[PDB]
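Right, one structure below, let's go through it.
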Amino acid sequence: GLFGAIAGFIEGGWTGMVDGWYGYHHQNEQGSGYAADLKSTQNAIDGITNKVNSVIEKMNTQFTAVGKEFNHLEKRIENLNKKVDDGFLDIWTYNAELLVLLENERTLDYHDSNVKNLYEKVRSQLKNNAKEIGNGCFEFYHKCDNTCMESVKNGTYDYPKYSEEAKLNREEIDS
Amino acid sequence: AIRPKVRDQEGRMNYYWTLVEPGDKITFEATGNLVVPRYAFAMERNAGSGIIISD
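These protein sequence lines are chains B and A, in that order.
If you read the first sequence in the deposited numbering, its first letter stands for residue 1, the second for the next number, and so on.
Mind the numbering: the second sequence is residues 218 to 266, 266A, 267 to 271 in the deposited numbering, read in order.
Encoded structure:
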């Protein structure tokens, strides 16, 4: 992947998470489960929807009858007509094929970028209060209940609130 | 009528062509002044190329 998250340091996808494209798995004393980050998912769904509509709706054609009829003494203009139909066929086929090829690659990179930014948003929030244990997972140095978990997902994690407890537990763990 | 001499000719001659489709007949009729065909050309046209005037 272009950004390294999908099929990268996050190795696989979650069939268990069904309500969103990008989300979270959590586990605390209150239990575990999957949840989807609604903001990032809806932003990506809006973006891709706009992309598909842009590809479709920018093609606005008028009423037209492609066919033409020529008699046996009009072979040259008949071939001229064929060249026009063929040239348009070649232009549209090649352009359509490459547009799908190139934009499909951009779409997968887009998802890869969205995952990386989501991981980095959390990592920049938790800082040293949690450990980066790989596969997109953070292991906390302080207890993080459901309310604390939602604050991380909401982008409102209070680092100073838990920094002292995490610091003491981190030093004890490392010692 | 007498035209200005071009290549020492005061008369003029107009040249005509037509393409006869397979199975068709072309008829010539004259009481004079007809420069008849002697050699005709069986041909099959392509998608048109062009003409280059160059040395």
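Where is the CB? At the ideal position from N, CA and C, for every residue including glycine.
Interfacial residues, the stretch 49-80 of chain B to chain A, with Cβ spacing under 7 Å: 72, 73, 75, 76 and 79
So for residue 60 of chain B, helix, strand or coil by DSSP? coil
Looking only at its own chain, which residues have a Cβ that is under 8 Å from the Cβ of residue 145 of chain B, when we skip the five neighbours before and after it? 28, 29 and 30
Taking the alpha helix (DSSP H) that residue 125 of chain B belongs to, which residues open and close that run? Here the alpha helix (DSSP H) through residue 125 of chain B covers 75-126.
Excluding the 5 residues preceding and the 5 following residue 105 of chain B in the sequence, name in chain order all residues of the same chain whose CB lies nearer than 7 Å to its CB. none
Exposed or buried, which one is residue 157 of chain B when buried takes at least 16 other CB atoms within 10 Å? buried
Helix, strand or coil, according to DSSP, for residue 162 of chain B in the structure here? helix
Can you look up residue 71 of chain B in the DSSP assignment and give me helix, strand or coil? coil
CA-CA distance, residue 136 of chain B and residue 48 of chain B? 24 Å
Identify the contact partners of residue 264 of chain A in chain B, using a Cβ-Cβ distance below 9 Å as the criterion. 76, 79, 80, 82 and 83
DSSP three-state assignment for residue 135 of chain B, whether helix, strand or coil: For residue 135 of chain B, the three-state secondary structure derived from DSSP is coil.
Considering only residues of the same chain and omitting the five flanking positions on each side of residue 113 of chain B, which have a CB-CB separation below 6 Å? 3
Using a Cβ-Cβ cut-off of 8 Å (strictly less than) and excluding sequence neighbours within five positions of residue 10 of chain B, which residues of its own chain qualify? Within the same chain, 115, 119, 135 and 136 come within 8 Å of residue 10 of chain B by CB-CB distance, once the 5 residues on both sides are set aside.
Considering just the uninterrupted stretch of the alpha helix (DSSP H) at residue 146 of chain B, what are its terminal residues? 146-153
Residue nearest to residue 23 of chain B in terms of C-alpha spacing, selected from B:149, B:68 and B:166: Considering only B:149, B:68 and B:166, the residue with the shortest C-alpha distance to residue 23 of chain B is B:149.
How close, in whole Å, do the beta carbons of residue 122 of chain B and residue 140 of chain B come, if the pair is a contact with beta carbons under 8 Å? Going by Cβ atoms, the distance from residue 122 of chain B to residue 140 of chain B rounds to 11 Å, so no, they are not a contact pair.
Using the three-state DSSP reduction, which class does residue 197 of chain B fall into: helix, strand or coil? Residue 197 of chain B is absent from the model: chain B starts at 1 and stops at 175.
Around the C-beta of residue 72 of chain B, are 16 or more other C-beta atoms found within 10 angstroms, so that it is buried, or is it exposed? Looking at its Cβ environment, which holds fewer than 16 other Cβ atoms inside 10 Å, residue 72 of chain B is exposed.
Taking only three categories from DSSP, how would you classify residue 54 of chain B? In the structure shown, residue 54 of chain B sits in a helix (DSSP, three-state: H, G or I).
May I have the straight-line CA-CA distance separating residue 57 of chain B from residue 51 of chain B, to the nearest angstrom? 10 Å
Is it buried or exposed, residue 242 of chain A, if we count other Cβ atoms within 10 angstroms and call 16 or more buried? Exposed, since its Cβ has fewer than 16 Cβ neighbours within 10 Å.
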